[PDB]
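J.: Sharing a structure here in C-alpha cells format.
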Amino acid sequence: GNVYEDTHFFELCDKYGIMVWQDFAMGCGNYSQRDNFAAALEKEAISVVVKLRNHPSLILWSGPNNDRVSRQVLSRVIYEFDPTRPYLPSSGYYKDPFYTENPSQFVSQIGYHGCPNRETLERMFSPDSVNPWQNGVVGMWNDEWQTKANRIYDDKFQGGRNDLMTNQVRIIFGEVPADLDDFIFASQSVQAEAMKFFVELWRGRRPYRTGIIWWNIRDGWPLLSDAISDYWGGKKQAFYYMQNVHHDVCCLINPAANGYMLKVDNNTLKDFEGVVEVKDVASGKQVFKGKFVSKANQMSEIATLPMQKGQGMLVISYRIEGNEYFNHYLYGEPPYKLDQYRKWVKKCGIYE
Amino acid sequence: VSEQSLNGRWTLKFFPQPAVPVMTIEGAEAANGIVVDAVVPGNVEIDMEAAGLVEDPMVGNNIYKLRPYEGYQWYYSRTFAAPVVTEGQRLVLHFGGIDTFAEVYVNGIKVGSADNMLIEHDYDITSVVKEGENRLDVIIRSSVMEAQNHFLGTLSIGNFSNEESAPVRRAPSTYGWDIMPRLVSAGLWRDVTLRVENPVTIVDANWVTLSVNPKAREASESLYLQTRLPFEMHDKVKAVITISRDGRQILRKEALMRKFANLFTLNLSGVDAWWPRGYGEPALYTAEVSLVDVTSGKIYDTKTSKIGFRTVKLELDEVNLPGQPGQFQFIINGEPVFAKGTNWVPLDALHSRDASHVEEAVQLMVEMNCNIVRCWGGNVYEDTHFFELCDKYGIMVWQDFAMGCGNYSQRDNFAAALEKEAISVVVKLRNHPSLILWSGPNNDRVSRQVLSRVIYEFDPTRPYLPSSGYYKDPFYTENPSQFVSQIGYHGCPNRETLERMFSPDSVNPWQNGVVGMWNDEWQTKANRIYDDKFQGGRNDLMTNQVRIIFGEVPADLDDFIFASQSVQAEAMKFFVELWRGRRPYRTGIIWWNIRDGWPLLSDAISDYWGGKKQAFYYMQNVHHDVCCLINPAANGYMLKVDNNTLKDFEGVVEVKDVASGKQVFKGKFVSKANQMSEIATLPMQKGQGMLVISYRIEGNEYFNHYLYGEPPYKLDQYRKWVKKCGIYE
C-alpha cells in the first residue's frame, strides 16, 4: 500500500544488516487483466527492479491463481531482470487458539491496538477532545477520536475500529479506566503483552516456525493505530517489550501442557553459555536457576517450570558473557487487576 | 436526458465496390450508383425489393440472384435535428448494429469506423454536431472483399465455416450453412438513436445474486455501480436503489455518492427465487438505481432492469469420463436441474427482421415447455428483448460466442478484436437471470485465453465452457454423454409452406416424376450455398429415413409429407424419452431445432412461417413437467415416469394396445420429485403395433404413445394407429 522507498532507505538497510522484503505497489483486491494495465505495470516493475536489484538488503519480491498481474507480468520482469532473488505471488485474547494455532511457519502478525503516549494526544487533538469519552460517557468516542481511527469519509457514526481499544482493555483488566492516564497505560500494556507473547510464541516454536513480521513499528500520521510508536516518535509500552524479546539470544517462557517451558532462542551462528534465574515478582520465590547452553541458530529447551498459583508475573534474569539481560512472563488467566499489574511491572524493575 | 430515434426513411445509394474501396463522402457521391429509399433498421435487400429491383429470395432459386451484391458498397445518408445539449452534457450517436465495415460521418467529419456487426457502436458527436439540420452518412464496404486483407492460417481453411468468415467479426451462418442460406447482406439492421447524457450519469449497473434461500424467501444481491461523476458533484449526489415487484416496493436504499464506483449489498427478505420452467416460478423483481441531487432533487440518470435472484453452478463429472463433453449438470439454486430445450438458430437470414419474430419464436419454446435454449454460435447475439422474454418465462439461456466450425487466428489482431466483442457482449447481458453459461487443440488462444479472461474479469458468476439412419441405432442409444446435443431428424414441411416457397411447377419434389430425383428448386431449399448443379446429398436424408421406417417412398406428395413428418416425429420423441428415462446419469438434452430462419427443407420441427410439423406436437407431449413414457428394455419394455419439478405427484397410468384395445397395464404410480421413477416392466407384444399411455395427475388427463415392433412399418397402418389413438391428427 506504500510507495517504493528511495535509494537511501536501502542504503541504511544495507549498512545496518536489515533484510528488505519488497512488495509491488498492489492493494487489497483483484486488478485488470487487460493489456493497458499490464503494460503500465510492466514499465513500473522493470523500472523499480533495475533501480533496486543491487542492494544486498533486498531479498525478495512479492506480488485466483490465474491473475495475469501476479502470475505473468511481475514474474516475467523478475525472470529477465533479477534472476538472483525469489519472487512470491502473494497478492480478543492474544492467547486465543486463533493466534496460538496458526499453521504458518512464516507469520505476518496482525498486531494489537494501543493508545499513544499522552503527549501525542494533546498534540493531535483539540483541548476539548483530548479526553476520549464524549460527554464523559464511558463507551462513546467523540468525533475527533473517531477521525483519528481513520474514518476515510466524514460519515458520522459510532463504533467500529475504536471499539478494538476498549475491548482489549476489558478482556485483560476487566473494566475500562475512566482516568485518561490509567487508560493509556492499560491499553499500552495490553498491546505490550500481546505483541511480546506473539514473538515469544514463534521464537519458542522453532525450527518449524521460520519467521515473524509484525504490524508495525511506526505510524505515518498522528493516529490511533496498532503501531508501537507514533508519527512523532513516541515509543509506546509495546516498543520496549518487543525490544527485550528481539535479542540475538533471548530467554523466554512459553505456556506448556502442564505448566510452563523455560527456553532460550538463538538467532546467531555462535554458541553461548549463561545462567538464567526465574523468580516470582510479589513473593520473590526463586522458581528456577541453572546454567544453559544456547546452541547456535536454534531454540533450546532449558527446563519445565512448575505451574504457579493464581495470577502473578515471573522475572527472567539471564547473564551472557558478563551482560545482564532481562525478561518477564505474565502467568494466570485474565481479567487482571490494573493496579496489581502496575505493581508487578514496578517491582520487576525492567520497564517504567 | 432523452433518446431521440433516428429510425425511419434514409437514402441508400449502392454501387459495385471499385479496386480501392470508397471511404469518403466525396467518393461515395462521385461513384456511379443507384439511389433508392431505405428503412432503418433494415437490410439492403429489403430496400431493393421494395424498389422492385430484386425478386423475393424466399421463393425458388431467387436466393442466388443476390450474388453480385456481395461485392457492392452501401451508402446510407439522412439528415437529423440536433437535440438540445447544455454544458457538460454529451451527445452520443448510438448504433445497435452496423453490418459491417463502415465509416460514419457526421457533418462531413468522420466520427467512427465500424468492423463488428454483432456489437453496438457508440460515438461522441458532441463536438461535431451543429445547430439546426445535421447530416449523418454511413459508407459500408464489401464484407466478403474485406477477408482478402488477411492471411489465413492453415487450420482456418477447409472448415465448414466459410473462409471469408474466419478473419471478420460477423455471423458465420450468413456466408452459408446447411441450415441457413448464404446471404451476406449489409445495412443498419438495428436501431440508430441519439442519446444525451448528463455530466452525472450511470456507466454500468451490474446486479449479482450472491446467495439465495428459496425456503426462507431470502436473497443477498450485489449492485456493482460505476458512474461518471464530476468531482464538484462528489458528496452532493446520492444513489437511490429500489427493489419492487408488481408495484409493491420491497426495498429502498439511499447512499451518498462519495466515489464514482461502489459496491452495494442488499440482504433481502420475503423475496422469491428465479426458477426455470418446471422447477418453480420465474420470479422477477424490478431493480432501479438513480443518481439524485441531494439539494435540488434533480434526477441525473436512472437505470432500470428486471432481475432474478438465482445462482448457477456447473457440476462437472469426475468419474464417468471426467473432462469429456457432456459430463456436467447445471445446479440452479442448489438443485440439480434436468435441461430440456432447443438450439437457437438465426430467426431470419435478413437479421433486421429478427426482432419481429422473437415474440412468436419464444412462444414456441413456451408451448414446447423448454427450460433451456442454446443460442448457436453461427448466429448473431440476440438483443435485450429476447433475454427479457427468457427471464419472464423461465427459459435458461446457453450463450455461444459467435464462433463457427473451424480453428481461428492465434495472433494479436484477432484476439484484440474478439476481446472487444466479448467484453461488450458480456457487460450487456450479464444481468439477465436466464443466462446461465458462456461457451467458446487445447491450446486455442481464442477459447482458452481471450474469451476465458473476459469471463474471469467481467462475469465471475457464470461458468464458461470452451467447447469450440434408424433412430434406434446404437449410434444414438449408446451415447455416453450425460448432456446431449441431439442431431435432429429431417422432416418435410407442411404442404402450405411448399406451395409458398416453390414455383407451381416445382411444388412436387420429383423431377420428371422420377422417384429418387429432386428438381433444381428442392435442391436449392436443401441449402446449396453456391449454384453448383448436382444431384443427391442432403436431400437424400429425407427419402432414406422414410424408406427405413416405411419401406418405400410414397409417390403422392401428401403421403410423403405425412410420412417424412412422422419419421421426424417418432425419432425426435424417442430421443427425448430415451434421455429422460435414463436419469439421473443423463443430465440434459438440447435438440436441433424448434424453428427455421428461412423457408427451407431442414431438420427443424417448425418452419419459418410458423408451420408446426408433426414432430412439434410429439415433442410437446414428452416435454411435460411429469411425463409417463415407455423405453425399450432387455426383455420387453419399461414403463416409467420422469419428474422435472421439485414437487411429488401421484397418479394413475394405463397402457393399452391401439388395434386390439387390450389393456397392457394399469396402476397407481408415485412420481418422486426431480427424478425418474420406474413404474412397471411391460411384457413384450407380438409383431408391430402401437401402445397408448393414458395417465391422470391432479384431475388432468395427459397422453402419450409408444411404437413397438421393428421397421419397416406400413404407412397406411401407422396412419390408422395414430388416428385410432386420438392423441394427434
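Values quoted throughout were computed directly from the atomic coordinates according to the rules given, and no laboratory measurement underlies them. Neighbour counts run over all protein chains shown; Cβ positions are idealised from the backbone, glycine included.
J.: Report, in deg cm²/dmol and to the nearest 500, the calculated mean residue ellipticity at 222 nm for chain A, where each DSSP H run with n ≥ 4 adds -39500 (n - 2.57) and the sum is divided by the residue count.
T.: Values: 10 runs with 105 residues, N = 352.
Value at 222 nm, helices only, nearest 500: -9000 deg cm²/dmol.
J.: How large is the Kirkwood hydrodynamic radius of region A:105-260, counting all unique pairs of alpha carbons, in Å?
T.: Values: mean 1/r = 0.0601 Å⁻¹.
Evaluated over region A:105-260, this radius sits at 16.7 Å.
J.: Okay, moving on. Each label point is 7 Å from the Cα along the Cα-to-Cβ direction; what then is the distance between the points at residue B:531 and residue B:252, in nm?
T.: 6.7 nm
J.: How big is the charge dipole of chain B about its Cα centre, in debye rounded to the nearest 20, if each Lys and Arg gets +1 on its Cβ and each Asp and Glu gets -1 on its Cβ?
T.: With only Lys, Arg, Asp and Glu charged at Cβ, the dipole is about 1960 debye.
J.: Right, here's the next one. Taking 22 Å as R0, compute the FRET efficiency from the Cβ-Cβ separation of residue B:81 and residue B:109 and round it to 0.05.
T.: Calculated transfer efficiency: 0.80.
J.: In whole percent, what relative contact order does region B:1-155 give with Cα contacts below 8 Å and a gap of six or more residues?
T.: Relative contact order, region B:1-155: 25 percent.
J.: Let me ask you something else. Could you name the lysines whose alpha carbon sits less than 20 Å from that of residue A:51, not counting residues in the same chain fewer than 8 places away?
T.: A:15, A:43
J.: Using +1 on the beta carbon of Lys and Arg, -1 on that of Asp and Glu, and nothing else charged, what's the dipole of chain A about the Cα centre, debye to 20?
T.: 1000 debye
J.: Toward the positive end of the charge dipole of region B:497-617, about the Cα centre and with charges on Cβ (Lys, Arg +1; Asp, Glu -1), which of B:539, B:516, B:585 goes farthest?
T.: Farthest towards the positive end: B:585.
J.: Further, regarding this structure: What percentages make up the Cα-Cα pair-distance distribution of chain B when the bins are 20 Å wide from 0?
T.: Result returned by the calculation: 16, 45, 32, 7, 0.
J.: Right, here's the next one. Take the alpha carbon atoms of region B:408-483, find their center, do the same for region B:283-328, and report the distance between the two centers in whole angstrom.
T.: 19 Å
J.: Quick one: net charge around residue B:661, please, counting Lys, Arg +1 and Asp, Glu -1 for every other residue with C-beta under 14 Å from its C-beta.
T.: Neighbour charge sum, excluding residue B:661 itself: +3.
J.: Now a separate question. What is the distance in Å between the Cα centres of region B:201-238 and region B:133-194?
T.: For region B:201-238 versus region B:133-194, the Cα centre distance is 38 Å.
J.: Considering only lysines 8 or more places apart in sequence, or on different chains, count the pairs in region B:509-618 whose C-alpha atoms sit under 25 Å apart.
T.: So the count works out to 5.
J.: Can you give the net charge of the other residues whose Cβ lies under 12 Å from the Cβ of residue B:255, counting K and R as +1 and D and E as -1?
T.: +2
J.: If you count, for each residue, the other Cβ atoms within 10 Å and average over each peptide, how do A:312-318, A:287-293 line up from highest to lowest?
T.: Ranking the peptides A:312-318, A:287-293 by packing returns A:312-318, A:287-293.
J.: Might you report the magnitude of the Cβ-based charge dipole of region B:413-521 about its Cα centre, with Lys and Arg at +1 and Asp and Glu at -1, to the nearest 20 debye?
T.: 600 debye
J.: Find how many whole Å separate the alpha carbon centroid of region B:38-102 from the alpha carbon centroid of region B:367-390.
T.: Their Cα centres are 25 Å away from one another.
J.: Let me ask something else. Could you list, in their original order, any pairs among A:236/A:347; B:110/B:259; A:291/A:346; A:285/A:346 whose Cα atoms are separated by more than 23 Å?
T.: B:110/B:259; A:291/A:346
J.: Would you mind checking which residues have amide H under 5 Å from residue B:201's amide H? H placed 1.01 Å from N; only 5 or more apart, or other chain.
T.: B:228
J.: Hey, another quick one. Which listed residue (A:252, B:572, B:261) has the Cα farthest towards the positive end of the charge dipole for the protein assembly as shown, taking +1 on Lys and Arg C-beta and -1 on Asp and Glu C-beta about the Cα centre?
T.: Looking along the dipole axis, the top candidate is A:252.
J.: Separate question: Arrange B:94, A:246 by Cβ neighbour counts within 10 Å, fewest through most, would you?
T.: Values: B:94 17, A:246 12.
Ordered from fewest to most neighbouring Cβ atoms within 10 Å, B:94, A:246 come out as A:246, B:94.
J.: A further question on this structure: Report the local net charge at residue A:192: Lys and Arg +1, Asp and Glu -1, summed over other residues whose C-beta lies under 14 Å from its C-beta.
T.: 0
J.: Okay, next question. Could you tell me the calculated FRET efficiency between residue B:467 and residue B:445, based on Cβ-Cβ distance and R0 = 25 angstrom, to the nearest 0.05?
T.: Rounded to the nearest 0.05, the efficiency is 0.95.
J.: So who's got an amide H within less than 5 Å of the one on residue B:608, skipping anything under 5 residues away but keeping other chains? H placed 1.01 Å off N, in plane.
T.: Here B:596, B:598, B:600 satisfy the definition.
J.: List the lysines whose alpha-carbon lies under 16 Å from that of residue B:647, not counting same-chain residues fewer than 8 positions away?
T.: Within the straight-line limit of under 16 Å, residue B:647 reaches these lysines: B:215, B:672.
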